[PDB]
Amino acid sequence: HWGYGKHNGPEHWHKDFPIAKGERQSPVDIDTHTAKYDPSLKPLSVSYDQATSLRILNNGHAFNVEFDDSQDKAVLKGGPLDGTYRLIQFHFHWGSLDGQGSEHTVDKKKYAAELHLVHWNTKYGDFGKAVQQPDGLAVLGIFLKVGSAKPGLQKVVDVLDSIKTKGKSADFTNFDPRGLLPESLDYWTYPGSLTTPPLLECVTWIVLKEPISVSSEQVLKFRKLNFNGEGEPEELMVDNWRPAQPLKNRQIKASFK
Ligand SMILES: [Zn+2]
């Protein structure tokens, strides 16, 4: 029964998921004055030309756009990574107001939203085995600010009405996740965790420096989603973000000078 309410939000998660107070929790604040350039880092390789989206699902905490991860169709390589990581889904976290919504922060700045493209390390065979490994997942995080519309997001926005409430899914084929990327692939990276229960410490985070812009109308449609199921009391799906967690014994590395 975890969520983002008064009685079940992030500050409560540790009771059911004690790793919430662990050594490698996410998100974190990215201090651009202490992150150090690492010349050993490589460019990211984002290979999404063969990506096969299948479906979009309201899971009660966000919505997931799901992909075919049964072949190396949409993969992330390079950067800080060893090996090949397959795209399984993306989702967002967003606010009730444009001044909050992101999970990571940059010099304490909160963005309006944050996109997570979730990938699992093919050496572990399946997502469920991957999340049990410290190097099981690679999550590409991308900040959203409100300004111009993002045309490559509109197909997602337009399906939201069909998945308003928890448990609803809809076919969602032929969606191109390349339309969600900024121009630059400059990034920060550090070791961390899932940002929702079970909060497993299995993620190499790759957070892009450059935000994408979405329009105020686009974000407004996200805020019409519901956390509840159909026929239950309406509770708007907003503020579905975990705040920054202590960095502890970690360093954030930058791909760029
Ligand atoms: Zn996420």
# chains A, B, ... in the order shown; residues from 1 in each chain; ligands from 1

$ residues_around --residues "residue 42 of chain A" --least-positions-apart "5" --cutoff "9 Å" --atoms "only C-alpha atoms" --output "list in words"
residues 78, 79, 80, 81 and 255 of chain A

$ write_last_selection --atoms "N, CA, C and O atoms" --output "compact mmCIF listing (two decimals), in the first residue's frame"
# COMPACT_ATOMS: atom_id res chain seq x y z
N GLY A 78 27.80 1.58 -23.86
CA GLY A 78 28.77 2.69 -23.71
C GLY A 78 28.54 3.50 -22.50
O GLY A 78 28.02 3.01 -21.48
N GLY A 79 29.04 4.71 -22.49
CA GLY A 79 28.99 5.50 -21.30
C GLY A 79 29.79 4.83 -20.23
O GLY A 79 30.92 4.34 -20.37
N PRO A 80 29.16 4.75 -19.00
CA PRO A 80 29.78 4.07 -17.95
C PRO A 80 29.57 2.55 -17.98
O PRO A 80 30.08 1.85 -17.10
N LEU A 81 28.84 2.02 -18.91
CA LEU A 81 28.33 0.65 -18.88
C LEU A 81 29.31 -0.33 -19.48
O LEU A 81 29.95 -0.04 -20.48
N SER A 255 30.32 13.30 -17.79
CA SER A 255 30.89 12.92 -19.07
C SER A 255 31.48 14.07 -19.83
O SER A 255 32.06 13.85 -20.91

$ closest_atom_pairs --of "chain A" --to "ligand 1" --cutoff "6 Å" --atoms "only C-alpha atoms and all ligand atoms" --output "JSON lines"
{"residue": "A:92", "atom": "CA", "partner": "ligand 1", "partner_atom_place_in_ligand_line": "1 (Zn)", "distance": 6.0}
{"residue": "A:116", "atom": "CA", "partner": "ligand 1", "partner_atom_place_in_ligand_line": "1 (Zn)", "distance": 5.0}
{"residue": "A:195", "atom": "CA", "partner": "ligand 1", "partner_atom_place_in_ligand_line": "1 (Zn)", "distance": 5.9}

$ select_by_dssp --residues "segment 54-209 of chain A" --states "alpha helix (DSSP H)" --output "number ranges by chain"
A: 127-130, 154-159

$ closest_atom_pairs --of "segment 137-222 of chain A" --to "segment 236-245 of chain A" --cutoff "10 Å" --atoms "only C-alpha atoms" --output "tab-separated table"
residue	atom	partner	partner_atom	distance
A:164	CA	A:237	CA	9.3
A:165	CA	A:237	CA	9.1
A:166	CA	A:237	CA	9.9
A:195	CA	A:242	CA	6.5
A:196	CA	A:242	CA	7.6
A:222	CA	A:237	CA	7.7

$ residues_around --residues "residue 256 of chain A" --least-positions-apart "6" --cutoff "9 Å" --atoms "only C-alpha atoms" --output "PyMOL selection string"
chain A and resi 36-39+186-188

$ residues_around --residues "residue 211 of chain A" --least-positions-apart "6" --cutoff "8 Å" --atoms "only C-alpha atoms" --output "number ranges by chain"
A: 142-145, 182

$ write_last_selection --atoms "N, CA, C and O atoms" --output "PDB file, in the first residue's frame"
ATOM      1  N   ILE A 142      15.934  11.864 -17.872  1.00  0.00           N
ATOM      2  CA  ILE A 142      15.858  13.059 -18.695  1.00  0.00           C
ATOM      3  C   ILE A 142      14.887  14.031 -18.010  1.00  0.00           C
ATOM      4  O   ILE A 142      13.754  13.677 -17.696  1.00  0.00           O
ATOM      5  N   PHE A 143      15.355  15.243 -17.744  1.00  0.00           N
ATOM      6  CA  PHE A 143      14.502  16.261 -17.134  1.00  0.00           C
ATOM      7  C   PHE A 143      13.558  16.877 -18.140  1.00  0.00           C
ATOM      8  O   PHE A 143      13.907  17.027 -19.320  1.00  0.00           O
ATOM      9  N   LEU A 144      12.380  17.269 -17.654  1.00  0.00           N
ATOM     10  CA  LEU A 144      11.380  18.004 -18.428  1.00  0.00           C
ATOM     11  C   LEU A 144      11.185  19.374 -17.789  1.00  0.00           C
ATOM     12  O   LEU A 144      10.942  19.463 -16.605  1.00  0.00           O
ATOM     13  N   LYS A 145      11.245  20.405 -18.627  1.00  0.00           N
ATOM     14  CA  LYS A 145      10.798  21.753 -18.237  1.00  0.00           C
ATOM     15  C   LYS A 145       9.604  22.149 -19.070  1.00  0.00           C
ATOM     16  O   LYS A 145       9.398  21.597 -20.170  1.00  0.00           O
ATOM     17  N   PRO A 182      16.802  14.838 -25.800  1.00  0.00           N
ATOM     18  CA  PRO A 182      17.346  16.134 -26.086  1.00  0.00           C
ATOM     19  C   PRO A 182      18.431  16.016 -27.162  1.00  0.00           C
ATOM     20  O   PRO A 182      18.814  14.910 -27.556  1.00  0.00           O
TER      21      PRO A 182
END
